[PDB]
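Residue numbers (the numbering used here), protein chains in the order written: chain A, 63 to 363; chain B, 63 to 363. Each residue gets a CB set at the ideal place from its N, CA and C atoms; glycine is no exception. Okay, structure first, notes after.
Protein chains: 2
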Amino acid sequence: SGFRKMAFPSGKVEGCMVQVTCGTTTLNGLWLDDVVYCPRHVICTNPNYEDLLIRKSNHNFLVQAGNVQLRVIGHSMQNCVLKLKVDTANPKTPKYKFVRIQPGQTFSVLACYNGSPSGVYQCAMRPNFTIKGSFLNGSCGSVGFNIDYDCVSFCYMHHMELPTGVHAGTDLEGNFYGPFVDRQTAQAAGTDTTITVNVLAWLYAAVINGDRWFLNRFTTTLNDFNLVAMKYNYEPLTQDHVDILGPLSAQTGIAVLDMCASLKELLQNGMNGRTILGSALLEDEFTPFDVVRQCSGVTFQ
Amino acid sequence: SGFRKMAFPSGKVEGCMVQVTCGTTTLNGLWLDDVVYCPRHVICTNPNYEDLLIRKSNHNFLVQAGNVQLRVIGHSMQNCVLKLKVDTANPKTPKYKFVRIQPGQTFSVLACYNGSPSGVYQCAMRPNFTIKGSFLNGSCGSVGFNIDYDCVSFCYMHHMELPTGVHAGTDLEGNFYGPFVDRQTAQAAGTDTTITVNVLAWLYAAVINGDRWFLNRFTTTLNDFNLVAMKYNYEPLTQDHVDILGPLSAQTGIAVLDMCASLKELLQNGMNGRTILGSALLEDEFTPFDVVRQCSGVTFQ
Ligand SMILES: *CC(=O)N(C[C@@H]1CCNC1=O)NC(=O)[C@H](CC1CCCCC1)NC(=O)[C@@H](NC(=O)OCc1ccccc1)[C@@H](C)OC(C)(C)C
Ligand SMILES: *CC(=O)N(C[C@@H]1CCNC1=O)NC(=O)[C@H](CC1CCCCC1)NC(=O)[C@@H](NC(=O)OCc1ccccc1)[C@@H](C)OC(C)(C)C
């Protein structure tokens with residue numbers, strides 16, 4: 063028992079991380095086979111990047127992998143990422159995929175500086191397409207990922223911090239999550255909402271682990287739930303969400319709509335000085351998959 | 063900016079994890095050079111382990127590292143760990159140390175099943191010498207660790223779960239943390255307390271990241287603080303703790319005893335429906351070292 067914010071083991075990604083330097087800009091890159099992926103704003107000197115990049119040569123790009131120089135032999139830009147062709151394939155390249163995730167989905171972030179991994183933590187992609195990360199100067203190019211058996215699914219590359227202290231980035235094909243652009247103009251996070259289906263998953267985690275104090279006799283309809291959810295800035299729960307919570311519902315003997323009735327009263331009454339899984343707030347950064355994985359024992363290798 | 067429960071990158075430990083099987087018991091072991099460390103309760107059939115172990119032969123022990131059989135060529139017991147000599151040294155052995163940590167200190171746990179890493183999370187050793195982990199059947203032998211530049215300091219090996227759902231284990235030389243013994247009798251966690259110096263560190267993290275609402279005009283003496291701390295089940299703050307919080311005090315311009323005055327009013331008044339660093343509880347599982355590392359950028363390789 064117990065329940066923690068669990069990240070995936072990070073070794074498979076650590077072996078891919080490199081330092082990319084050109085001009086006076088140094089950031090992190092991701093070395094898979096003979097390509098290094100990194101944010102395009104590494105390009106020298108409001109910008110027009112196509113114009114900026116036709117002006118660069120290969121030898122402008124310094125790529126360090128450990129104590130080893132990597133030689134750039136080609137380059138191309140795909141949306142907001144730069145792809146640098148190197149003369150050596152990364153022998154530690156794991157089995158991998160690039161995937162663009164939906165808001166509400168979680169991932170592990172390997173925070174990196176100068177191509178050296180610093181820490182790992184778990185995140186979710188917020189409904190407003192930001193992530194509440196932990197990032198300092200030089201972290202751009204750090205990636206977010208999930209692991210399925212042996213396969214690393216990369217889903218995030220870090221680019222910028224917004225005035226409110228949250229973080230914006232791209233998929234590994236360089237498309238921003240959300241409306242953000244890679245220029246230092248004026249952008250803000252849109253208003254965020256709570257990921258309802260994730261909150262329900264976490265309540266099921268609590269029940270699996272022995273917390274029951276918040277359950278009740280009542281039930282509710284999907285529609286009447288959503289009426290109370292919208293009031294408290296929660297995302298609507300759809301029938302797909304209900305279906306996803308099936309296995310957890312079956313393991314605990316609590317109908318999904320019954321646990322919705324429980325959430326309803328938690329929202330209307332507060333938690334009255336009790337905790338759930340060591341939290342005095344309703345937690346929304348565990349997916350139904352996350353809960354099942356941590357409470358059944360799923361490994362990866 | 064941002065502040066997360068950050069674990070160390072786990073790759074260096076992943077490369078050491080193996081499966082140890084003997085009789086009908088299978089658990090995790092830690093392969094460093096030509097020795098595999100694992101909990102001694104892997105020994106077959108209230109127990110006298112010296113008597114149990116003189117009855118075993120080397121070929122009784124099946125060690126799997128990936129798809130590779132490892133041959134046991136010697137064995138010895140040191141306190142509550144078994145040390146199995148194998149005919150092959152682990153080529154992925156990192157630079158390492160074994161260290162016995164003090165309560166209040168944090169570490170990363172790489173949760174493992176059948177020698178396969180499952181997830182990584184951050185923990186603290188509680189004042190009562192338990193850890194609030196996340197562990198299922200088969201996780202014994204998973205280790206906890208810290209990283210200093212290139213060196214892995216192993217400090218924990220997982221052994222048991224206690225009735226309250228918290229976890230007990232040993233250092234890597236096999237000495238239990240706390241009064242616990244490796245037999246299935248009747249043991250309970252002693253009463254726990256909050257790690258005061260860690261709470262203060264986290265308040266400094268909040269100030270570094272821009273939260274200021276909890277500061278105040280007041281100050282306090284060490285003695286009068288401890289008088290209020292003891293009331294709320296907080297550990298006494300010593301002058302060593304004060305000295306440790308020096309650098310954080312200097313970076314923020316807030317005298318340690320001034321931030322103690324702030325904590326005092328937080329304890330007496332509650333948080334009044336505000337949050338600190340996304341938490342509605344006072345958090346105590348970040349050390350002063352943890353805060354500085356995450357808010358200055360310290361990497362490891
Ligand atoms: C590359 C990098 O390390 N990084 C991550 C940042 C650094 C600190 N924490 C992080 O997560 N990104 C940046 O430093 C980028 C670099 C730019 C990106 C666009 C292309 C040119 C290079 N800068 C930022 O993240 C800015 N954010 C920003 O300009 O947002 C747009 C904006 C500007 C003004 C008003 C509103 C919105 C950061 C560093 O600046 C602030 C002040 C927001 C923290
Ligand atoms: C090896 C292993 O995986 N593991 C970790 C446990 C499993 C579930 N979560 C975990 O962290 N340890 C055990 O399963 C051990 C095995 C014993 C250890 C002692 C030597 C013989 C093998 N068992 C337990 O952890 C027990 N705990 C226990 O007996 O505590 C003592 C006790 C007993 C009765 C009353 C009070 C105190 C667990 C599995 O049993 C409970 C019911 C407490 C969960």
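Nearest-angstrom beta carbon gap, residue j and residue i [assumed within contact, 8 Å]
{"i": "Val148(A)", "j": "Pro101(A)", "result": "Actually they are not in contact, since the Cβ atoms of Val148(A) and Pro101(A) sit about 17 Å apart, beyond 8 Å."}
{"i": "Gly203(B)", "j": "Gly91(B)", "result": "6 Å"}
{"i": "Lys326(B)", "j": "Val269(B)", "result": "With a Cβ gap of about 16 Å, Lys326(B) and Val269(B) do not count as contacting."}
{"i": "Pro309(B)", "j": "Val354(B)", "result": "6 Å"}
{"i": "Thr349(A)", "j": "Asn260(A)", "result": "6 Å"}
{"i": "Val75(B)", "j": "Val214(B)", "result": "6 Å"}
{"i": "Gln81(B)", "j": "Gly177(B)", "result": "3 Å"}
{"i": "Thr255(A)", "j": "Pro189(A)", "result": "5 Å"}
{"i": "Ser324(A)", "j": "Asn288(A)", "result": "The pair is not a contact, with the Cβ atoms about 15 Å apart (cut-off 8 Å)."}
{"i": "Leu224(B)", "j": "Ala250(B)", "result": "6 Å"}
{"i": "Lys194(B)", "j": "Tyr183(A)", "result": "Actually they do not touch by this definition, with Cβ atoms about 17 Å apart."}
{"i": "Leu172(B)", "j": "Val205(B)", "result": "6 Å"}
Helix, strand or coil at residue i [DSSP, three-state]
{"i": "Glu345(A)", "result": "coil"}
{"i": "residue 381(B)", "result": "Examination of residue 381(B) is not possible in this model, given that chain B is present from 63 through 363 alone."}
{"i": "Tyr175(A)", "result": "strand"}
{"i": "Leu319(B)", "result": "helix"}
{"i": "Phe351(A)", "result": "helix"}
{"i": "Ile105(B)", "result": "coil"}
{"i": "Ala127(B)", "result": "strand"}
{"i": "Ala69(A)", "result": "strand"}
{"i": "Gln330(A)", "result": "helix"}
{"i": "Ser119(A)", "result": "coil"}
Residue nearest to residue i in terms of C-alpha spacing, selected from the options
{"i": "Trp264(B)", "options": "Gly231(B), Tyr111(B) and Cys357(B)", "result": "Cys357(B)"}
{"i": "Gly73(B)", "options": "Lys157(B), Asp96(B), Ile135(B) and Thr107(B)", "result": "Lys157(B)"}
{"i": "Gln167(A)", "options": "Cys185(A), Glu345(A), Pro153(A) and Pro179(A)", "result": "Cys185(A)"}
{"i": "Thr247(B)", "options": "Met222(B), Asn152(B), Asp233(B) and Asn237(B)", "result": "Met222(B)"}
{"i": "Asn120(B)", "options": "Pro153(B), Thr83(B), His103(B) and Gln140(B)", "result": "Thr83(B)"}
{"i": "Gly181(A)", "options": "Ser201(A), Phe191(A) and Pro189(A)", "result": "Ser201(A)"}
{"i": "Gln140(B)", "options": "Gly359(B), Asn237(B), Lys118(B) and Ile338(B)", "result": "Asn237(B)"}
{"i": "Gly231(A)", "options": "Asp320(A), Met219(A), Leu262(A) and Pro241(A)", "result": "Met219(A)"}
{"i": "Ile135(B)", "options": "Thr256(B), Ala151(B) and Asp210(B)", "result": "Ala151(B)"}
{"i": "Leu198(B)", "options": "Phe65(A), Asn295(A) and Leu146(A)", "result": "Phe65(A)"}
{"i": "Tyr175(B)", "options": "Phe242(B), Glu112(B), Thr88(B) and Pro153(B)", "result": "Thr88(B)"}
{"i": "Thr155(A)", "options": "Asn108(A), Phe216(A) and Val243(A)", "result": "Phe216(A)"}
{"i": "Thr314(A)", "options": "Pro71(A), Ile338(A), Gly272(A) and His103(A)", "result": "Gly272(A)"}
{"i": "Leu343(B)", "options": "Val353(B), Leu328(B) and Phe351(B)", "result": "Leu328(B)"}
{"i": "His137(A)", "options": "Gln126(A), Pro153(A), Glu112(A) and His229(A)", "result": "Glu112(A)"}
{"i": "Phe242(A)", "options": "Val205(A), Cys322(A), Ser196(A) and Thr192(A)", "result": "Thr192(A)"}
{"i": "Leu284(A)", "options": "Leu277(A), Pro298(A), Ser170(A) and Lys293(A)", "result": "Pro298(A)"}
{"i": "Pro153(A)", "options": "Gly77(A), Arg162(A) and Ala268(A)", "result": "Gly77(A)"}
{"i": "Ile105(A)", "options": "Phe160(A), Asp95(A), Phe123(A) and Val97(A)", "result": "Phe123(A)"}
{"i": "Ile316(B)", "options": "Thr282(B), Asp346(B), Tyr296(B) and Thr300(B)", "result": "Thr282(B)"}
{"i": "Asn331(A)", "options": "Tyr294(A), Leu339(A) and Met68(A)", "result": "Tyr294(A)"}
{"i": "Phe70(B)", "options": "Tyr296(B), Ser170(B) and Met292(B)", "result": "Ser170(B)"}
{"i": "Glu345(A)", "options": "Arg274(B), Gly340(B), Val97(B) and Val304(B)", "result": "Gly340(B)"}
{"i": "residue 49(B)", "options": "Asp244(B), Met79(B) and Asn108(B)", "result": "Look at the range of chain B in this structure, 63 to 363, and you will see that residue 49(B) is not part of it."}
{"i": "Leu94(B)", "options": "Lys159(B), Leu319(B) and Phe280(B)", "result": "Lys159(B)"}
Beta bridge counterpart(s) of residue i as assigned by DSSP
{"i": "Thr256(B)", "result": "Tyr296(B)"}
{"i": "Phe160(B)", "result": "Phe216(B)"}
{"i": "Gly136(B)", "result": "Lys147(B)"}
{"i": "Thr87(A)", "result": "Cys84(A)"}
{"i": "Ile338(A)", "result": "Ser341(A)"}
{"i": "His229(B)", "result": "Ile193(B) and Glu223(B)"}
{"i": "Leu94(B)", "result": "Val97(B)"}
{"i": "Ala186(B)", "result": "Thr168(B)"}
{"i": "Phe242(B)", "result": "In DSSP, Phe242(B) forms no bridge with anything."}
{"i": "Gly181(B)", "result": "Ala173(B)"}
Partner residues on chain D for residue i, Cβ-Cβ distance less than 9 Å
{"i": "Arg66(B)", "result": "Of the protein chains in the structure, A and B, none is chain D."}
* To do: May I have a chain-ordered list of the beta strand (DSSP E) segments no shorter than 3 residues that lie completely inside the stretch 188 to 220 of chain B?
  => 205 to 210
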